[PDB]
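Asks: So here's final-v4.cif (mmCIF, C-alpha atoms and all ligand atoms).
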data_coords
loop_
_atom_site.label_atom_id
_atom_site.label_comp_id
_atom_site.auth_asym_id
_atom_site.auth_seq_id
_atom_site.Cartn_x
_atom_site.Cartn_y
_atom_site.Cartn_z
CA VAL K 16 -69.91 -29.28 98.10
CA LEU K 17 -68.41 -26.32 100.08
CA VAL K 18 -67.72 -23.89 97.16
CA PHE K 19 -71.27 -23.94 95.71
CA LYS K 20 -72.53 -23.42 99.30
CA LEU K 21 -70.10 -20.54 100.08
CA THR K 22 -71.97 -19.13 97.03
CA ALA K 23 -75.10 -19.07 99.27
CA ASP K 24 -73.16 -17.53 102.20
CA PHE K 25 -72.27 -14.55 99.93
CA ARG K 26 -75.25 -12.70 101.46
CA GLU K 27 -74.41 -13.18 105.16
CA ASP K 28 -73.35 -9.56 105.54
CA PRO K 29 -72.00 -8.23 108.85
CA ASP K 30 -70.96 -4.76 107.54
CA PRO K 31 -72.22 -4.95 103.90
CA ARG K 32 -68.54 -5.78 103.33
CA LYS K 33 -69.00 -9.46 102.45
CA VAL K 34 -66.57 -11.26 100.07
CA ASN K 35 -66.87 -14.24 97.75
CA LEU K 36 -63.22 -15.42 97.52
CA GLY K 37 -65.08 -18.74 97.27
CA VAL K 38 -66.37 -19.78 93.82
CA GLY K 39 -63.88 -20.47 91.05
CA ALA K 40 -65.11 -18.04 88.47
CA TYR K 41 -63.20 -15.08 87.07
CA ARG K 42 -64.40 -11.71 88.39
CA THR K 43 -63.54 -8.34 86.87
CA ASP K 44 -62.02 -5.43 88.81
CA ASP K 45 -65.64 -4.28 89.41
CA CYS K 46 -66.50 -7.72 90.92
CA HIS K 47 -68.78 -8.87 88.08
CA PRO K 48 -68.94 -12.03 85.90
CA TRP K 49 -67.24 -11.44 82.50
CA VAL K 50 -68.64 -12.93 79.31
CA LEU K 51 -65.77 -13.00 76.81
CA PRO K 52 -66.22 -10.72 73.73
CA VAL K 53 -65.32 -13.62 71.38
CA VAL K 54 -68.21 -15.55 73.02
CA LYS K 55 -70.84 -12.78 72.61
CA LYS K 56 -69.63 -12.60 69.00
CA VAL K 57 -69.83 -16.35 68.26
CA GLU K 58 -73.22 -16.67 70.01
CA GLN K 59 -74.69 -14.16 67.54
CA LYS K 60 -73.18 -16.17 64.64
CA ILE K 61 -75.01 -19.23 65.97
CA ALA K 62 -78.33 -17.38 66.52
CA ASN K 63 -78.04 -15.89 63.00
CA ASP K 64 -77.35 -19.31 61.43
CA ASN K 65 -80.80 -20.73 60.55
CA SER K 66 -79.16 -23.83 58.95
CA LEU K 67 -78.61 -25.24 62.49
CA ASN K 68 -81.02 -27.85 63.83
CA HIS K 69 -81.24 -29.31 67.37
CA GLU K 70 -81.09 -33.02 66.35
CA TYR K 71 -79.17 -35.44 68.62
CA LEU K 72 -75.38 -34.97 68.51
CA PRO K 73 -73.46 -38.28 68.38
CA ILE K 74 -72.98 -39.90 71.79
CA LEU K 75 -69.26 -38.93 71.91
CA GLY K 76 -70.28 -35.38 70.82
CA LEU K 77 -69.69 -32.74 68.11
CA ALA K 78 -66.83 -33.80 65.76
CA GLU K 79 -65.38 -30.31 65.20
CA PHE K 80 -65.39 -29.53 68.95
CA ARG K 81 -63.72 -32.85 69.81
CA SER K 82 -60.91 -32.24 67.29
CA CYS K 83 -60.32 -28.62 68.35
CA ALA K 84 -60.29 -29.44 72.09
CA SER K 85 -57.81 -32.36 71.78
CA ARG K 86 -55.67 -30.28 69.39
CA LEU K 87 -55.54 -27.37 71.90
CA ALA K 88 -54.09 -29.69 74.57
CA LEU K 89 -51.65 -31.76 72.47
CA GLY K 90 -50.60 -29.01 70.00
CA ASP K 91 -51.24 -28.80 66.21
CA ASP K 92 -47.98 -30.72 65.48
CA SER K 93 -48.27 -33.53 68.09
CA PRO K 94 -46.93 -36.99 67.04
CA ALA K 95 -50.00 -38.51 68.69
CA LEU K 96 -52.49 -36.74 66.38
CA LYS K 97 -50.28 -37.30 63.30
CA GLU K 98 -50.17 -41.05 64.04
CA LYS K 99 -53.99 -41.07 64.57
CA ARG K 100 -53.68 -42.46 68.11
CA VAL K 101 -55.80 -39.75 69.81
CA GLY K 102 -59.52 -39.75 70.62
CA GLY K 103 -61.81 -37.25 72.39
CA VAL K 104 -65.21 -37.51 74.08
CA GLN K 105 -67.23 -34.30 74.55
CA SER K 106 -68.19 -34.14 78.24
CA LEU K 107 -70.19 -32.12 80.76
CA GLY K 108 -67.19 -29.99 81.78
CA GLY K 109 -64.03 -31.28 83.44
CA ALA K 110 -66.26 -32.97 86.05
CA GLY K 111 -67.97 -34.84 83.17
CA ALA K 112 -64.72 -35.95 81.53
CA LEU K 113 -63.25 -37.07 84.93
CA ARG K 114 -66.29 -39.19 85.79
CA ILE K 115 -66.41 -40.76 82.29
CA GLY K 116 -62.70 -41.58 82.57
CA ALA K 117 -63.11 -42.85 86.13
CA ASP K 118 -66.01 -45.06 84.96
CA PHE K 119 -63.92 -46.39 82.07
CA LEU K 120 -60.83 -47.31 84.22
CA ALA K 121 -63.26 -48.96 86.71
CA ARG K 122 -64.66 -51.14 83.91
CA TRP K 123 -61.70 -51.68 81.49
CA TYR K 124 -58.32 -50.82 83.14
CA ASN K 125 -55.83 -53.08 84.97
CA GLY K 126 -58.11 -55.98 84.04
CA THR K 127 -61.87 -56.07 84.20
CA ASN K 128 -64.12 -54.40 86.80
CA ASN K 129 -61.02 -53.57 88.85
CA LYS K 130 -62.13 -51.23 91.66
CA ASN K 131 -59.12 -52.36 93.76
CA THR K 132 -56.64 -50.36 91.60
CA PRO K 133 -55.09 -47.60 93.79
CA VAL K 134 -56.07 -44.03 92.75
CA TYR K 135 -53.60 -41.25 93.68
CA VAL K 136 -54.49 -37.57 94.18
CA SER K 137 -52.32 -34.64 95.33
CA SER K 138 -52.26 -33.73 99.04
CA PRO K 139 -54.29 -31.61 99.03
CA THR K 140 -56.38 -31.66 95.85
CA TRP K 141 -59.65 -30.40 94.42
CA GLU K 142 -62.47 -31.38 96.78
CA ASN K 143 -64.25 -33.18 93.89
CA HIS K 144 -61.47 -35.67 92.88
CA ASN K 145 -62.00 -38.12 95.78
CA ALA K 146 -65.77 -38.07 95.26
CA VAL K 147 -65.68 -38.53 91.46
CA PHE K 148 -63.59 -41.68 91.73
CA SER K 149 -65.52 -43.02 94.75
CA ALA K 150 -68.68 -42.77 92.61
CA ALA K 151 -66.99 -44.79 89.81
CA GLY K 152 -66.46 -47.37 92.61
CA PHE K 153 -62.75 -47.25 93.52
CA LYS K 154 -62.21 -48.30 97.17
CA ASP K 155 -58.56 -47.22 97.63
CA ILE K 156 -58.05 -43.43 97.02
CA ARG K 157 -54.62 -42.30 98.28
CA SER K 158 -52.62 -39.07 98.78
CA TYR K 159 -49.26 -38.10 97.28
CA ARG K 160 -47.33 -35.44 99.21
CA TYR K 161 -47.39 -32.12 97.38
CA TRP K 162 -47.99 -29.10 99.67
CA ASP K 163 -45.12 -28.70 102.08
CA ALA K 164 -46.75 -26.27 104.59
CA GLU K 165 -43.32 -25.39 106.10
CA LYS K 166 -41.57 -24.39 102.83
CA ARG K 167 -45.00 -23.23 101.41
CA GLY K 168 -44.37 -25.07 98.10
CA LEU K 169 -43.89 -28.34 96.22
CA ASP K 170 -42.66 -31.33 98.25
CA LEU K 171 -40.97 -32.88 95.17
CA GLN K 172 -38.99 -35.60 97.01
CA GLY K 173 -42.12 -36.64 98.98
CA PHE K 174 -44.19 -36.74 95.78
CA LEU K 175 -41.53 -38.81 93.87
CA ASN K 176 -41.00 -41.12 96.88
CA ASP K 177 -44.79 -41.75 96.97
CA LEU K 178 -44.88 -42.47 93.20
CA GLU K 179 -41.87 -44.78 93.79
CA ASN K 180 -43.84 -46.72 96.46
CA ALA K 181 -47.09 -46.84 94.44
CA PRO K 182 -48.04 -50.34 93.20
CA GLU K 183 -47.35 -50.78 89.46
CA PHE K 184 -50.29 -49.67 87.22
CA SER K 185 -51.84 -47.40 89.95
CA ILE K 186 -53.81 -44.45 88.58
CA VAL K 187 -52.39 -40.96 89.20
CA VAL K 188 -54.48 -37.76 88.95
CA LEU K 189 -52.24 -34.85 87.89
CA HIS K 190 -53.04 -31.12 87.65
CA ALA K 191 -51.87 -30.25 84.09
CA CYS K 192 -51.36 -26.67 85.34
CA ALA K 193 -52.82 -24.18 87.88
CA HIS K 194 -52.83 -26.65 90.79
CA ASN K 195 -56.04 -26.34 92.80
CA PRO K 196 -56.12 -25.36 95.55
CA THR K 197 -52.51 -24.43 96.34
CA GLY K 198 -51.43 -22.68 93.09
CA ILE K 199 -47.93 -24.30 92.84
CA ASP K 200 -47.20 -26.28 89.60
CA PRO K 201 -44.03 -28.33 88.90
CA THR K 202 -41.39 -26.81 86.69
CA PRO K 203 -40.76 -28.74 83.44
CA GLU K 204 -37.57 -30.15 85.06
CA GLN K 205 -39.76 -31.22 88.02
CA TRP K 206 -42.20 -32.81 85.52
CA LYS K 207 -39.31 -34.68 83.83
CA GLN K 208 -38.45 -36.47 87.09
CA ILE K 209 -42.09 -37.30 87.90
CA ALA K 210 -42.60 -38.77 84.41
CA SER K 211 -39.40 -40.84 84.86
CA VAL K 212 -40.78 -42.48 88.06
CA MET K 213 -44.18 -43.00 86.40
CA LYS K 214 -42.51 -44.58 83.34
CA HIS K 215 -40.37 -47.08 85.40
CA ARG K 216 -43.32 -48.07 87.58
CA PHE K 217 -45.92 -48.08 84.75
CA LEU K 218 -48.19 -45.60 86.58
CA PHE K 219 -51.24 -44.33 84.72
CA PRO K 220 -51.36 -40.51 84.25
CA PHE K 221 -54.89 -39.10 84.34
CA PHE K 222 -54.47 -35.37 83.65
CA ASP K 223 -56.91 -32.74 84.94
CA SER K 224 -56.65 -29.68 82.64
CA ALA K 225 -59.41 -27.27 83.78
CA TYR K 226 -57.38 -24.02 83.50
CA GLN K 227 -55.39 -24.16 80.24
CA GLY K 228 -54.64 -20.47 79.61
CA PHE K 229 -54.41 -19.23 83.21
CA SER K 231 -49.06 -18.52 82.53
CA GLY K 232 -51.54 -16.64 80.27
CA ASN K 233 -50.04 -18.71 77.43
CA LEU K 234 -51.79 -21.86 76.18
CA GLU K 235 -48.72 -23.56 74.62
CA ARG K 236 -46.80 -22.93 77.86
CA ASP K 237 -49.66 -24.28 80.03
CA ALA K 238 -49.70 -27.53 77.94
CA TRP K 239 -45.97 -28.35 78.21
CA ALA K 240 -46.34 -31.11 80.89
CA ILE K 241 -49.08 -32.84 78.82
CA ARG K 242 -47.08 -32.61 75.61
CA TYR K 243 -43.91 -33.90 77.33
CA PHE K 244 -45.69 -37.07 78.47
CA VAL K 245 -46.82 -37.46 74.82
CA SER K 246 -43.22 -37.14 73.54
CA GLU K 247 -41.97 -39.60 76.19
CA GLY K 248 -44.45 -42.14 74.71
CA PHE K 249 -46.95 -42.31 77.60
CA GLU K 250 -50.55 -43.40 77.21
CA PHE K 251 -53.01 -41.25 79.26
CA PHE K 252 -56.30 -39.45 79.69
CA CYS K 253 -56.73 -35.71 80.07
CA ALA K 254 -59.94 -34.14 81.34
CA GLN K 255 -60.21 -30.75 79.59
CA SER K 256 -62.62 -28.06 80.85
CA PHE K 257 -63.42 -24.80 79.06
CA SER K 258 -65.47 -23.32 81.88
CA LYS K 259 -62.78 -20.78 82.93
CA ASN K 260 -60.79 -20.25 79.71
CA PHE K 261 -64.01 -19.65 77.66
CA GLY K 262 -66.19 -18.47 80.59
CA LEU K 263 -68.72 -21.22 79.68
CA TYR K 264 -69.27 -22.38 83.27
CA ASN K 265 -72.97 -22.93 82.74
CA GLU K 266 -72.86 -24.57 79.29
CA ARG K 267 -70.89 -27.53 80.78
CA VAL K 268 -68.19 -27.70 78.07
CA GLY K 269 -65.37 -30.18 78.56
CA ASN K 270 -63.63 -33.02 76.75
CA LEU K 271 -61.90 -36.27 77.75
CA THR K 272 -58.90 -36.59 75.43
CA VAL K 273 -57.35 -40.09 75.19
CA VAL K 274 -53.77 -40.94 74.03
CA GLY K 275 -52.99 -44.57 73.00
CA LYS K 276 -50.11 -46.67 71.56
CA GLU K 277 -52.01 -47.51 68.32
CA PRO K 278 -55.20 -46.28 66.51
CA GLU K 279 -56.95 -49.64 67.19
CA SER K 280 -56.76 -48.95 70.96
CA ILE K 281 -58.52 -45.56 70.48
CA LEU K 282 -61.27 -47.28 68.43
CA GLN K 283 -61.82 -50.03 71.10
CA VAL K 284 -61.61 -47.40 73.90
CA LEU K 285 -63.96 -44.84 72.24
CA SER K 286 -66.59 -47.47 71.43
CA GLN K 287 -66.76 -48.59 75.08
CA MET K 288 -67.09 -44.93 76.19
CA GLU K 289 -70.31 -44.72 74.14
CA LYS K 290 -71.99 -47.29 76.43
CA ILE K 291 -70.97 -45.18 79.51
CA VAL K 292 -72.22 -41.91 77.98
CA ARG K 293 -75.43 -43.66 76.80
CA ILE K 294 -76.30 -44.51 80.48
CA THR K 295 -74.92 -41.26 82.02
CA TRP K 296 -76.36 -38.39 79.89
CA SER K 297 -77.18 -40.22 76.54
CA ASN K 298 -75.36 -37.48 74.52
CA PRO K 299 -73.94 -33.98 75.21
CA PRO K 300 -75.46 -30.45 75.03
CA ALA K 301 -74.63 -28.42 71.91
CA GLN K 302 -74.52 -24.64 72.54
CA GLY K 303 -71.32 -24.99 74.58
CA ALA K 304 -69.41 -27.20 72.13
CA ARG K 305 -70.55 -25.09 69.14
CA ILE K 306 -69.27 -21.80 70.65
CA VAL K 307 -65.85 -23.42 71.26
CA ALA K 308 -65.69 -25.38 67.97
CA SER K 309 -66.31 -22.20 65.94
CA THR K 310 -63.73 -20.17 67.95
CA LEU K 311 -60.76 -22.54 67.64
CA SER K 312 -61.47 -23.65 64.01
CA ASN K 313 -61.46 -19.99 62.81
CA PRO K 314 -58.02 -18.24 62.88
CA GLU K 315 -59.57 -14.75 63.22
CA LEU K 316 -61.68 -15.61 66.28
CA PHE K 317 -58.89 -17.87 67.61
CA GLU K 318 -56.41 -15.00 67.92
CA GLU K 319 -58.95 -12.73 69.64
CA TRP K 320 -59.72 -15.50 72.15
CA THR K 321 -56.01 -15.85 73.09
CA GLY K 322 -56.19 -12.12 73.87
CA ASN K 323 -59.22 -12.55 76.15
CA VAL K 324 -57.48 -15.32 78.12
CA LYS K 325 -54.36 -13.12 78.38
CA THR K 326 -56.60 -10.29 79.75
CA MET K 327 -57.88 -12.49 82.58
CA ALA K 328 -54.38 -13.93 83.15
CA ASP K 329 -52.83 -10.42 83.45
CA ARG K 330 -55.41 -9.05 85.94
CA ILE K 331 -54.77 -12.08 88.19
CA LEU K 332 -51.01 -11.25 88.26
CA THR K 333 -51.78 -7.59 88.96
CA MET K 334 -54.00 -8.50 91.95
CA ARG K 335 -51.21 -10.90 93.06
CA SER K 336 -48.47 -8.22 93.03
CA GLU K 337 -50.63 -5.56 94.70
CA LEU K 338 -50.85 -7.46 98.03
CA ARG K 339 -47.61 -9.42 98.27
CA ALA K 340 -45.40 -6.44 97.31
CA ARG K 341 -47.61 -4.54 99.79
CA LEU K 342 -45.81 -6.88 102.30
CA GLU K 343 -42.45 -5.12 102.07
CA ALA K 344 -43.33 -1.82 103.84
CA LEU K 345 -46.21 -3.05 106.12
CA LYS K 346 -45.62 -6.21 108.27
CA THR K 347 -46.86 -8.17 111.32
CA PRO K 348 -46.10 -11.95 111.04
CA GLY K 349 -43.14 -12.75 108.72
CA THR K 350 -43.82 -11.22 105.27
CA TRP K 351 -43.70 -13.64 102.38
CA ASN K 352 -43.20 -14.22 98.70
CA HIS K 353 -45.60 -17.10 97.99
CA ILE K 354 -48.68 -15.01 96.90
CA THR K 355 -46.83 -13.81 93.77
CA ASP K 356 -45.06 -17.19 93.56
CA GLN K 357 -48.25 -19.19 93.17
CA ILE K 358 -50.00 -19.31 89.80
CA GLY K 359 -53.48 -20.17 88.59
CA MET K 360 -56.66 -18.61 89.94
CA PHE K 361 -56.28 -19.89 93.53
CA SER K 362 -53.88 -18.86 96.27
CA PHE K 363 -52.98 -20.80 99.42
CA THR K 364 -52.48 -18.00 102.00
CA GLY K 365 -51.17 -19.55 105.28
CA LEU K 366 -54.00 -19.44 107.77
CA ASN K 367 -55.37 -21.68 110.53
CA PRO K 368 -59.06 -22.76 110.88
CA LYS K 369 -60.07 -20.10 113.50
CA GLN K 370 -58.79 -17.05 111.51
CA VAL K 371 -60.93 -18.37 108.59
CA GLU K 372 -64.02 -18.46 110.84
CA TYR K 373 -63.62 -14.74 111.71
CA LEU K 374 -62.56 -13.80 108.17
CA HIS K 379 -62.78 -10.79 105.52
CA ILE K 380 -65.10 -13.80 104.92
CA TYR K 381 -62.98 -15.93 102.53
CA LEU K 382 -64.31 -19.01 104.33
CA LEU K 383 -62.24 -21.76 102.70
CA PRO K 384 -60.93 -23.27 106.01
CA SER K 385 -57.61 -24.26 104.44
CA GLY K 386 -56.94 -20.60 103.57
CA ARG K 387 -57.51 -20.87 99.81
CA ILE K 388 -58.70 -17.65 98.12
CA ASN K 389 -59.81 -16.77 94.60
CA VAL K 390 -57.19 -14.18 93.48
CA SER K 391 -59.57 -12.94 90.77
CA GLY K 392 -61.84 -12.01 93.72
CA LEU K 393 -59.50 -9.17 94.79
CA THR K 394 -60.28 -5.70 93.43
CA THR K 395 -58.93 -2.16 94.08
CA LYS K 396 -62.43 -1.14 95.27
CA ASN K 397 -62.85 -4.53 97.00
CA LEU K 398 -59.77 -3.05 98.70
CA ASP K 399 -56.54 -4.56 97.44
CA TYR K 400 -56.54 -4.40 101.30
CA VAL K 401 -58.38 -7.75 101.59
CA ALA K 402 -57.56 -8.11 105.33
CA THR K 403 -58.17 -4.32 105.36
CA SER K 404 -55.35 -3.24 107.71
CA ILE K 405 -54.14 -6.79 106.75
CA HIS K 406 -52.65 -8.19 109.99
CA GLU K 407 -55.34 -7.52 112.64
CA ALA K 408 -56.76 -11.02 112.02
CA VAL K 409 -53.05 -12.06 111.46
CA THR K 410 -50.92 -10.03 113.96
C1 LIG K 501 -58.61 -28.90 88.68
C2 LIG K 501 -60.06 -28.59 88.38
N1 LIG K 501 -60.78 -29.31 87.48
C3 LIG K 501 -62.08 -29.06 87.19
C4 LIG K 501 -62.80 -28.00 87.78
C5 LIG K 501 -64.27 -27.79 87.44
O1 LIG K 501 -64.62 -27.26 86.15
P1 LIG K 501 -66.05 -27.73 85.53
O2 LIG K 501 -67.06 -27.48 86.65
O3 LIG K 501 -66.32 -26.89 84.31
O4 LIG K 501 -65.80 -29.16 85.15
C6 LIG K 501 -62.13 -27.15 88.80
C7 LIG K 501 -62.77 -26.02 89.52
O5 LIG K 501 -62.13 -25.35 90.32
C8 LIG K 501 -60.71 -27.46 89.09
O6 LIG K 501 -60.05 -26.71 90.00
#
Would it be possible to restate this file's structure as structure tokens?
Replies:
Amino acid sequence: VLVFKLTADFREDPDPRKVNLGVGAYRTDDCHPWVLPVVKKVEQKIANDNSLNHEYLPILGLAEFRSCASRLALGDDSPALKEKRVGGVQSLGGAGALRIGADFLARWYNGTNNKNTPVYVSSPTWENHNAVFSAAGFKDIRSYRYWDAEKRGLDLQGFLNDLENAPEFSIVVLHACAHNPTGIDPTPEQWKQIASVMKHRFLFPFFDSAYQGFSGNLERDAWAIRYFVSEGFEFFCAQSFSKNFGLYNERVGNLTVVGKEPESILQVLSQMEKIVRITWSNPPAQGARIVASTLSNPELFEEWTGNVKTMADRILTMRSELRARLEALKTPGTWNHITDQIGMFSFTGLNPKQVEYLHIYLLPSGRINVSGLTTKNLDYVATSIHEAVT
């Protein structure tokens, strides 16, 4: 729960020098929420289109949105799409997609009603992964080594070794990019090895793809996904558009499915309808509409890629102006990994008692929202910087 209850703590002011480095939402240099221009544009288009009703969308969701979302992840020229072996199920954000997928694997994968199948999540991972799959009824939820605290980066040989020792068919939850919370992603060459182990041992890739856009480049961010496609994997991918469209509170996501033949997608999609029918009946519209219109229209599309760049660039800027500021000033070590990490979230270094004092970025692990730094919010986050570090 933590992050949506460090949202309540943002108020507990010692010197009215609080800090939310807590919630995962982009914040401008003036520490405000940023509605994208493309969005404020498209919203008007909707509100000025009197042809639109509010009749029930299909269970699986808006057609146009489902196409555009899957196409964004797999690429316009994907062999999957061209061989009509790709489905998509509008969801209530990435959390919606994940749950729906979790529920489906629990009911239809590795045999029937198989809750014994091992589920694998990065060590560490997003606080909500363990819970989502527990809810879907999986009993065995396991770690794969990922964050090497010592080398402050990817433990590739531990990861691979763990995938090597996973029972055949085990499910594997992968961060498509912008690993949360640590901010280290595999290189393509690192992906190529992981895929190899997963291919030999028939492991199931379940991608989590909540921050497509945040190298700043959407095609770049989707390379891992698109490689697994080209290597002939079957997989799910939980897409969220909460960050890359700023539609947090319209709950816009999509569970893309990749199969070996069209008939699989048909079987699979039809069984998803039952799950949706007893979870939320059918999805909300405003979200999906805003996205569907943006991606389907070349004019708006281009402008949107700009707006994601904008956010992506400010995050790098705030990264530089605090690492590089550890070249002149020092106290313990120095260290590259702030500007090494990518995504929205940094893994700093800290212990649990620094975090208690600190200023207040209270994610015990030491994870901060980089977007939550500003010049005014003092690029000097730790103020002098190493008084709570020294
Ligand atoms: C990997 C990952 N997936 C999904 C989400 C949640 O997005 P939403 O609430 O729109 O599903 C987050 C939030 O930080 C995340 O880090």
Asks: What's around residue K:82 at 12 Å? Count all atoms listed in the file, leave out sequence neighbours fewer than 6 positions away in its own chain, and write the answer as a list in words.
Replies: residues 75, 76, 88, 89, 90, 91, 96, 99, 101, 102, 103, 104, 105, 270, 271, 272, 273, 304, 307, 308, 309, 311 and 312 of chain K
Asks: Return as a PyMOL selection string the residues of protein, DNA or RNA that approach ligand LIG 501 (chain K) to within 7 Å, with all atoms listed in the file taken into account.
Replies: chain K and resi 39+107-111+141+190+194-196+223-225+256-258+264+267-269
Asks: Check the smallest atom-to-atom distance from each of K:198, K:222, K:60, K:42 to residue K:136 using only C-alpha atoms, then report the winner.
Replies: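 Comparing K:198, K:222, K:60, K:42 against residue K:136, the winner is K:222.
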Asks: Between atom CA of residue K:221 and atom CA of residue K:126, what is the distance in Å, rounded to a tenth?
Replies: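 Interatomic distance, atom CA of residue K:221 to atom CA of residue K:126: 17.2 Å.
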Asks: Which residue is closest to residue K:135? Choose from K:154, K:339, K:47, K:387 and count all atoms listed in the file.
Replies: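 Between K:154, K:339, K:47, K:387, the residue approaching residue K:135 most closely is K:154.
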Asks: Which polymer residues have any atom within 10 Å of an atom of residue K:71, counting only C-alpha atoms, with same-chain residues fewer than 6 positions away left out, as a PyMOL selection string?
Replies: chain K and resi 77+297-301
Asks: So which residues fall inside 6 Å of (-53.0, -5.0, 100.3) if we count all atoms listed in the file? Mind giving them as a CSV table (one decimal) with C-alpha atoms, in the coordinates of the input?
Replies:
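Produced file selection03.csv, reproduced below:
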chain,number,residue,atom,x,y,z
K,338,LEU,CA,-50.8,-7.5,98.0
K,341,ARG,CA,-47.6,-4.5,99.8
K,399,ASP,CA,-56.5,-4.6,97.4
K,400,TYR,CA,-56.5,-4.4,101.3
Asks: Point out the residue among K:406, K:290, K:325, K:214 with the least atom-to-atom distance to residue K:345, counting all atoms listed in the file.
Replies: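 Result for the nearest residue to residue K:345: K:406.
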Asks: Show me as a list in words the residues that reach within 9 Å of (-42.1, -32.2, 89.6), counting all atoms listed in the file and using the file's own coordinates.
Replies: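 In the file's frame, the residues around the point are residues 169, 170, 171, 172, 174, 175, 200, 201, 202, 203, 204, 205, 206, 207, 208, 209 and 210 of chain K.
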Asks: My list of candidates is K:57, K:188, K:340, K:383. Which is closest to residue K:138 when distances are computed with all atoms listed in the file?
Replies: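 Among the listed residues, the smallest separation from residue K:138 belongs to K:188.
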